[PDB]
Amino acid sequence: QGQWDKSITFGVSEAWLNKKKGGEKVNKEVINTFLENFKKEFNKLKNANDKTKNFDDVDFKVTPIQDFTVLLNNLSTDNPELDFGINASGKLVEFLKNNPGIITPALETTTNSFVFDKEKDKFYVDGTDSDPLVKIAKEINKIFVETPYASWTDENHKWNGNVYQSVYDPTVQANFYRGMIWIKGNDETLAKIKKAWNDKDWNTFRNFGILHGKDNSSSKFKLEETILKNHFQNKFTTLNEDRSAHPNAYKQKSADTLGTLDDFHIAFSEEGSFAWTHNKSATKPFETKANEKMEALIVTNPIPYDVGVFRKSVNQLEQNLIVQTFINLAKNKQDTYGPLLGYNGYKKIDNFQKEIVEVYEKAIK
(Lines of atoms letter the chains of each structure in order from A and count residues from 1; the text may use other names and numbers.)
(Lines give C-alpha, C1' and ligand atoms only; values in the text may rest on other atoms or scores of the structure.)
Protein backbone atom coordinates (compact mmCIF):
# COMPACT_ATOMS: atom_id res chain seq x y z
CA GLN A 1 0.00 0.00 0.00
CA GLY A 2 3.16 2.18 -0.05
CA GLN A 3 5.37 3.54 2.74
CA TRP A 4 4.35 6.13 5.33
CA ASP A 5 6.64 9.15 4.80
CA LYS A 6 7.00 11.43 7.80
CA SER A 7 8.40 14.21 5.65
CA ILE A 8 6.35 15.56 2.71
CA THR A 9 7.97 17.94 0.21
CA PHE A 10 5.91 19.92 -2.31
CA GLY A 11 7.68 20.99 -5.53
CA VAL A 12 6.87 24.63 -6.42
CA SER A 13 7.95 26.91 -9.30
CA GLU A 14 11.42 28.32 -8.60
CA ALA A 15 10.58 31.52 -10.45
CA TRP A 16 7.44 31.90 -8.35
CA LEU A 17 9.17 31.24 -5.02
CA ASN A 18 11.96 33.81 -5.44
CA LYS A 19 9.43 36.39 -6.66
CA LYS A 20 10.66 39.73 -5.27
CA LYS A 21 7.90 42.27 -4.62
CA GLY A 22 9.90 45.40 -3.86
CA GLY A 23 13.13 43.55 -3.12
CA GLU A 24 11.06 41.58 -0.60
CA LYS A 25 10.07 37.93 -1.03
CA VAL A 26 6.34 37.90 -0.30
CA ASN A 27 5.47 34.49 -1.80
CA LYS A 28 7.99 32.93 0.55
CA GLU A 29 6.02 34.37 3.47
CA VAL A 30 2.82 33.21 1.77
CA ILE A 31 3.99 29.63 1.44
CA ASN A 32 5.14 29.34 5.06
CA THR A 33 1.76 30.07 6.56
CA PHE A 34 0.21 27.75 3.98
CA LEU A 35 2.57 25.02 5.14
CA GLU A 36 1.83 25.76 8.76
CA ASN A 37 -1.91 25.62 8.07
CA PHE A 38 -1.45 22.40 6.09
CA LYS A 39 0.54 20.63 8.82
CA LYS A 40 -1.99 21.40 11.50
CA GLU A 41 -5.04 20.26 9.50
CA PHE A 42 -3.29 17.18 8.12
CA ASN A 43 -2.13 15.89 11.49
CA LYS A 44 -5.51 16.66 12.99
CA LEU A 45 -7.22 14.36 10.47
CA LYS A 46 -4.51 11.74 10.78
CA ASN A 47 -4.70 11.57 14.56
CA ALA A 48 -8.48 11.62 14.58
CA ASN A 49 -8.60 8.44 12.54
CA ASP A 50 -8.00 4.99 14.01
CA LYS A 51 -6.33 3.54 10.89
CA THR A 52 -3.70 6.28 10.74
CA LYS A 53 -3.18 7.66 14.23
CA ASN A 54 -0.34 5.26 15.05
CA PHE A 55 1.84 6.46 12.18
CA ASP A 56 4.32 9.28 12.76
CA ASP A 57 3.06 12.88 12.58
CA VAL A 58 4.09 14.47 9.26
CA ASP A 59 6.07 17.62 8.53
CA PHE A 60 5.56 19.57 5.31
CA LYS A 61 8.03 21.56 3.23
CA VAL A 62 8.55 22.83 -0.29
CA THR A 63 11.38 22.68 -2.77
CA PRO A 64 11.79 24.94 -5.83
CA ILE A 65 11.62 23.27 -9.25
CA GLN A 66 12.96 24.71 -12.52
CA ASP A 67 10.08 23.70 -14.80
CA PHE A 68 7.42 21.06 -15.25
CA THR A 69 9.73 18.67 -17.07
CA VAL A 70 11.90 18.48 -14.00
CA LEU A 71 8.83 18.03 -11.84
CA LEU A 72 7.47 14.99 -13.74
CA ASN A 73 10.90 13.46 -14.31
CA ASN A 74 11.83 13.96 -10.67
CA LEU A 75 8.59 12.43 -9.32
CA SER A 76 8.92 9.43 -11.60
CA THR A 77 12.17 8.45 -9.91
CA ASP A 78 10.17 8.01 -6.69
CA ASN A 79 12.72 9.76 -4.46
CA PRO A 80 11.44 10.75 -0.97
CA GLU A 81 13.06 14.18 -1.28
CA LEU A 82 10.26 15.14 -3.69
CA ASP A 83 6.81 13.73 -3.03
CA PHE A 84 4.12 15.79 -4.71
CA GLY A 85 3.51 18.65 -7.14
CA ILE A 86 0.75 20.19 -9.27
CA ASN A 87 1.06 20.05 -13.06
CA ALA A 88 -0.94 21.14 -16.10
CA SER A 89 -3.30 18.38 -17.11
CA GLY A 90 -2.50 18.10 -20.83
CA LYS A 91 1.23 17.82 -20.25
CA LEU A 92 0.59 15.14 -17.62
CA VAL A 93 -1.70 13.07 -19.83
CA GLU A 94 1.05 13.20 -22.49
CA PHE A 95 3.73 12.16 -19.99
CA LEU A 96 1.66 9.20 -18.71
CA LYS A 97 0.86 7.99 -22.21
CA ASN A 98 4.58 7.34 -22.62
CA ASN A 99 5.26 6.01 -19.13
CA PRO A 100 2.04 4.67 -17.64
CA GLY A 101 1.56 4.08 -13.92
CA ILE A 102 4.87 5.73 -13.15
CA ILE A 103 3.32 8.45 -10.97
CA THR A 104 -0.07 8.76 -9.30
CA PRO A 105 -2.57 11.52 -10.06
CA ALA A 106 -4.77 12.16 -7.04
CA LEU A 107 -6.34 15.55 -6.99
CA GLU A 108 -7.91 17.97 -9.38
CA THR A 109 -7.87 21.73 -9.00
CA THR A 110 -10.82 23.94 -9.89
CA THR A 111 -10.83 27.68 -10.74
CA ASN A 112 -13.35 30.51 -10.31
CA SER A 113 -15.46 30.53 -13.48
CA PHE A 114 -15.24 33.41 -15.92
CA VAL A 115 -18.59 35.24 -16.15
CA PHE A 116 -18.51 34.49 -19.91
CA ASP A 117 -17.62 30.79 -19.73
CA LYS A 118 -19.59 28.99 -17.03
CA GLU A 119 -20.53 25.84 -18.93
CA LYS A 120 -17.94 23.23 -19.69
CA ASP A 121 -19.84 21.42 -22.40
CA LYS A 122 -19.44 23.78 -25.36
CA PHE A 123 -17.37 22.33 -28.21
CA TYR A 124 -16.44 23.31 -31.75
CA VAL A 125 -19.24 22.82 -34.26
CA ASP A 126 -18.55 24.70 -37.50
CA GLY A 127 -16.90 28.04 -36.65
CA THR A 128 -19.85 30.14 -37.80
CA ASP A 129 -21.64 32.86 -35.85
CA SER A 130 -23.92 30.30 -34.15
CA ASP A 131 -20.99 28.16 -33.01
CA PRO A 132 -21.00 28.03 -29.21
CA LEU A 133 -17.24 28.77 -29.10
CA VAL A 134 -17.76 31.79 -31.34
CA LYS A 135 -20.56 32.98 -29.05
CA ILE A 136 -18.18 32.87 -26.10
CA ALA A 137 -15.66 34.88 -28.11
CA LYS A 138 -18.32 37.52 -28.76
CA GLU A 139 -19.06 37.69 -25.03
CA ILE A 140 -15.35 38.19 -24.32
CA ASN A 141 -15.28 41.07 -26.85
CA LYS A 142 -18.11 42.82 -24.98
CA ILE A 143 -15.91 42.80 -21.87
CA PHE A 144 -12.55 43.50 -23.47
CA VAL A 145 -13.31 45.64 -26.53
CA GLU A 146 -16.67 47.43 -25.96
CA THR A 147 -15.40 48.50 -22.55
CA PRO A 148 -11.78 48.83 -23.63
CA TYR A 149 -9.21 47.03 -21.44
CA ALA A 150 -6.75 49.93 -21.61
CA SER A 151 -9.20 52.15 -19.79
CA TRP A 152 -10.11 49.69 -17.02
CA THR A 153 -9.16 50.85 -13.52
CA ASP A 154 -8.29 48.84 -10.42
CA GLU A 155 -11.61 50.03 -8.97
CA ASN A 156 -13.70 49.65 -12.16
CA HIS A 157 -12.86 45.97 -12.49
CA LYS A 158 -12.01 45.14 -8.87
CA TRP A 159 -8.27 44.44 -9.20
CA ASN A 160 -7.06 42.65 -6.07
CA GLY A 161 -3.31 42.50 -6.72
CA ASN A 162 -3.97 39.10 -8.27
CA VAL A 163 -6.87 39.26 -10.76
CA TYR A 164 -9.64 41.55 -12.03
CA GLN A 165 -12.41 40.18 -9.87
CA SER A 166 -15.27 41.65 -11.90
CA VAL A 167 -14.76 39.14 -14.73
CA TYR A 168 -15.22 36.10 -12.49
CA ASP A 169 -18.14 34.32 -10.83
CA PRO A 170 -16.68 32.68 -7.74
CA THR A 171 -19.98 31.01 -6.91
CA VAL A 172 -19.36 28.65 -9.78
CA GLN A 173 -16.22 26.52 -9.79
CA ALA A 174 -14.97 25.59 -13.25
CA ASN A 175 -13.63 22.13 -13.86
CA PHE A 176 -11.79 23.25 -16.93
CA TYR A 177 -10.03 25.92 -18.95
CA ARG A 178 -9.74 26.82 -22.63
CA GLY A 179 -7.32 28.44 -25.06
CA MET A 180 -8.40 31.24 -27.42
CA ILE A 181 -7.47 32.81 -30.74
CA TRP A 182 -6.96 36.57 -30.90
CA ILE A 183 -6.95 38.68 -34.07
CA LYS A 184 -5.60 42.18 -34.60
CA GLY A 185 -5.62 44.90 -37.24
CA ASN A 186 -7.33 48.02 -38.57
CA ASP A 187 -10.96 47.67 -39.79
CA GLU A 188 -10.03 46.42 -43.27
CA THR A 189 -7.56 43.81 -41.98
CA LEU A 190 -9.94 42.43 -39.37
CA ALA A 191 -12.57 41.94 -42.07
CA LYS A 192 -10.07 40.25 -44.36
CA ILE A 193 -9.12 37.83 -41.58
CA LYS A 194 -12.73 36.98 -40.84
CA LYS A 195 -13.34 36.53 -44.54
CA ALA A 196 -10.43 34.11 -44.84
CA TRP A 197 -11.82 32.27 -41.81
CA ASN A 198 -15.30 32.11 -43.26
CA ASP A 199 -13.99 31.13 -46.73
CA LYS A 200 -11.72 28.43 -45.12
CA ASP A 201 -8.82 29.90 -47.07
CA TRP A 202 -5.93 28.57 -44.96
CA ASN A 203 -3.07 30.08 -46.92
CA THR A 204 -4.47 33.60 -46.69
CA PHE A 205 -5.39 33.14 -43.02
CA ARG A 206 -1.99 31.80 -41.97
CA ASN A 207 -0.12 34.42 -43.97
CA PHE A 208 -1.52 37.11 -41.68
CA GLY A 209 1.08 35.83 -39.19
CA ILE A 210 0.48 33.58 -36.17
CA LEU A 211 1.94 34.11 -32.68
CA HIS A 212 2.04 30.90 -30.62
CA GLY A 213 3.57 29.42 -27.49
CA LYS A 214 5.72 26.34 -27.06
CA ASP A 215 4.98 23.21 -29.08
CA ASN A 216 4.10 21.31 -25.94
CA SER A 217 1.63 23.88 -24.59
CA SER A 218 -2.06 22.95 -24.50
CA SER A 219 -3.62 26.43 -24.31
CA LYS A 220 -0.99 28.27 -26.38
CA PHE A 221 -0.50 25.71 -29.14
CA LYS A 222 -2.28 22.32 -29.24
CA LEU A 223 -5.86 23.33 -28.44
CA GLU A 224 -5.76 26.05 -31.10
CA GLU A 225 -4.15 23.68 -33.61
CA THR A 226 -7.18 21.41 -33.14
CA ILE A 227 -9.68 24.17 -33.85
CA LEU A 228 -7.71 25.21 -36.92
CA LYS A 229 -7.52 21.66 -38.25
CA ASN A 230 -11.24 21.13 -37.75
CA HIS A 231 -12.16 24.46 -39.31
CA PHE A 232 -9.75 24.36 -42.24
CA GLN A 233 -10.55 20.70 -43.00
CA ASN A 234 -7.80 18.92 -44.92
CA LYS A 235 -5.72 22.06 -45.73
CA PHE A 236 -2.59 21.27 -43.63
CA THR A 237 -1.52 18.27 -41.57
CA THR A 238 -0.04 19.77 -38.38
CA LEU A 239 1.02 23.28 -37.37
CA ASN A 240 4.61 22.04 -37.14
CA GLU A 241 4.73 20.80 -40.71
CA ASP A 242 3.02 23.96 -41.92
CA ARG A 243 5.57 26.10 -40.08
CA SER A 244 8.38 24.09 -41.63
CA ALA A 245 7.31 25.22 -45.06
CA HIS A 246 6.27 28.75 -44.03
CA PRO A 247 8.59 29.85 -41.22
CA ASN A 248 8.05 33.62 -41.54
CA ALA A 249 4.29 33.15 -40.84
CA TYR A 250 4.94 31.96 -37.28
CA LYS A 251 6.61 33.48 -34.21
CA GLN A 252 6.93 32.26 -30.62
CA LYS A 253 5.71 35.16 -28.48
CA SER A 254 3.04 35.92 -25.88
CA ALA A 255 -0.33 37.17 -27.22
CA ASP A 256 -0.11 40.28 -25.10
CA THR A 257 2.67 41.63 -27.33
CA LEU A 258 0.65 41.15 -30.51
CA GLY A 259 -0.04 44.90 -30.76
CA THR A 260 3.65 45.59 -31.23
CA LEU A 261 4.29 43.31 -34.26
CA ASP A 262 3.19 44.90 -37.51
CA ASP A 263 3.82 41.60 -39.32
CA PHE A 264 1.58 39.44 -37.14
CA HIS A 265 -2.19 39.55 -36.68
CA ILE A 266 -3.19 36.25 -35.02
CA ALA A 267 -2.22 35.04 -31.55
CA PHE A 268 -2.91 32.05 -29.26
CA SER A 269 -3.38 32.44 -25.49
CA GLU A 270 -5.18 30.94 -22.55
CA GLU A 271 -8.80 32.11 -22.45
CA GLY A 272 -9.18 35.30 -20.45
CA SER A 273 -5.47 35.77 -19.79
CA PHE A 274 -6.12 39.53 -19.57
CA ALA A 275 -8.00 38.75 -16.37
CA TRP A 276 -4.76 38.19 -14.40
CA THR A 277 -2.73 40.72 -16.36
CA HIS A 278 -2.66 44.20 -14.83
CA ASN A 279 -3.22 46.71 -17.63
CA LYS A 280 -0.81 49.17 -15.97
CA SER A 281 2.24 46.90 -16.35
CA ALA A 282 5.49 48.28 -17.73
CA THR A 283 5.31 45.95 -20.71
CA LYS A 284 2.00 47.58 -21.71
CA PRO A 285 0.15 44.31 -22.30
CA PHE A 286 -2.42 44.11 -25.13
CA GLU A 287 -1.63 47.64 -26.28
CA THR A 288 -2.26 48.39 -29.95
CA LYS A 289 -1.60 51.19 -32.46
CA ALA A 290 -4.26 53.94 -32.45
CA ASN A 291 -6.52 52.77 -35.27
CA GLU A 292 -6.11 49.05 -34.58
CA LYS A 293 -8.08 46.78 -32.29
CA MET A 294 -7.42 43.33 -30.82
CA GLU A 295 -10.35 40.98 -30.35
CA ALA A 296 -11.30 37.36 -29.79
CA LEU A 297 -12.11 35.24 -32.82
CA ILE A 298 -12.99 31.94 -31.15
CA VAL A 299 -12.10 29.91 -28.02
CA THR A 300 -11.16 26.22 -27.96
CA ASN A 301 -12.62 22.98 -26.62
CA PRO A 302 -12.16 22.65 -22.81
CA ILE A 303 -9.66 20.50 -20.89
CA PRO A 304 -9.23 19.92 -17.11
CA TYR A 305 -7.55 22.34 -14.72
CA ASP A 306 -4.25 21.42 -13.09
CA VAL A 307 -3.69 18.04 -11.44
CA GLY A 308 -1.85 17.15 -8.22
CA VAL A 309 0.40 14.06 -8.58
CA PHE A 310 2.35 11.86 -6.13
CA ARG A 311 5.52 9.81 -6.45
CA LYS A 312 4.32 6.24 -6.53
CA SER A 313 5.41 4.92 -3.17
CA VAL A 314 3.73 7.44 -0.87
CA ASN A 315 1.39 5.36 1.29
CA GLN A 316 -2.20 5.47 -0.06
CA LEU A 317 -3.69 6.40 3.30
CA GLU A 318 -1.28 9.33 3.47
CA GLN A 319 -2.18 10.46 -0.08
CA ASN A 320 -5.86 10.55 0.73
CA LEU A 321 -5.34 12.59 3.89
CA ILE A 322 -3.25 15.09 1.96
CA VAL A 323 -5.93 15.35 -0.73
CA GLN A 324 -8.61 15.94 1.90
CA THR A 325 -6.37 18.52 3.64
CA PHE A 326 -6.27 20.61 0.43
CA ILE A 327 -10.08 20.36 0.12
CA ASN A 328 -10.79 21.35 3.73
CA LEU A 329 -8.25 24.20 3.69
CA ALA A 330 -10.00 25.74 0.67
CA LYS A 331 -13.40 25.27 2.27
CA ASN A 332 -12.20 26.96 5.45
CA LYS A 333 -10.72 29.68 3.27
CA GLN A 334 -7.37 28.84 4.80
CA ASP A 335 -5.59 28.23 1.52
CA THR A 336 -3.26 31.20 0.98
CA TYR A 337 -1.32 29.69 -1.91
CA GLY A 338 -3.78 28.16 -4.37
CA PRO A 339 -5.77 31.32 -5.26
CA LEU A 340 -2.49 32.94 -6.32
CA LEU A 341 -2.15 30.32 -9.08
CA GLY A 342 -5.79 30.20 -10.04
CA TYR A 343 -6.70 27.25 -7.82
CA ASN A 344 -9.87 28.26 -5.98
CA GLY A 345 -10.98 24.78 -5.03
CA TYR A 346 -9.99 21.09 -5.05
CA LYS A 347 -11.56 17.70 -5.74
CA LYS A 348 -10.42 14.10 -5.28
CA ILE A 349 -9.83 12.20 -8.54
CA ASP A 350 -11.97 9.04 -8.43
CA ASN A 351 -11.17 7.93 -11.95
CA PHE A 352 -8.27 9.47 -13.86
CA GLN A 353 -9.20 7.91 -17.17
CA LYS A 354 -12.79 9.13 -17.05
CA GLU A 355 -12.26 12.53 -15.46
CA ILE A 356 -8.99 13.64 -17.02
CA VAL A 357 -7.71 11.53 -19.89
CA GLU A 358 -11.00 11.23 -21.78
CA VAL A 359 -11.86 14.93 -21.33
CA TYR A 360 -8.46 15.96 -22.74
CA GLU A 361 -8.49 13.52 -25.70
CA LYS A 362 -11.94 14.63 -26.83
CA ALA A 363 -10.81 18.25 -26.79
CA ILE A 364 -7.78 17.76 -29.05
CA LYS A 365 -9.46 15.34 -31.52
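Counting begins at 1, following the sequence as shown.
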Segment of higher mean CA temperature factor, 283 to 291 or 184 to 192 = 283 to 291
Which wins on mean Cα temperature factor, 115 to 123 or 220 to 228?
-> 115 to 123
Considering only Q353, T9, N344, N18, which residue's Cα atom bears the greatest B-factor as recorded?
-> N18
Looking only at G209, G161, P247, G179, the Cα with the top B-factor belongs to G161
By the entry's values, the third containing the CA B factor of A267 is the lowest
Taking the values exactly as deposited, rank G338 by C-alpha B-factor within its chain and report the matching third: lowest, middle or highest.
-> middle
Relative C-alpha B-factor of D199, binned into the chain's lowest, middle or highest third = middle
CA B-factor placement of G308, once the chain's modelled residues are sorted into thirds | middle
Against its chain's modelled residues, does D215's Cα B factor rank lowest, middle or highest third?
-> middle
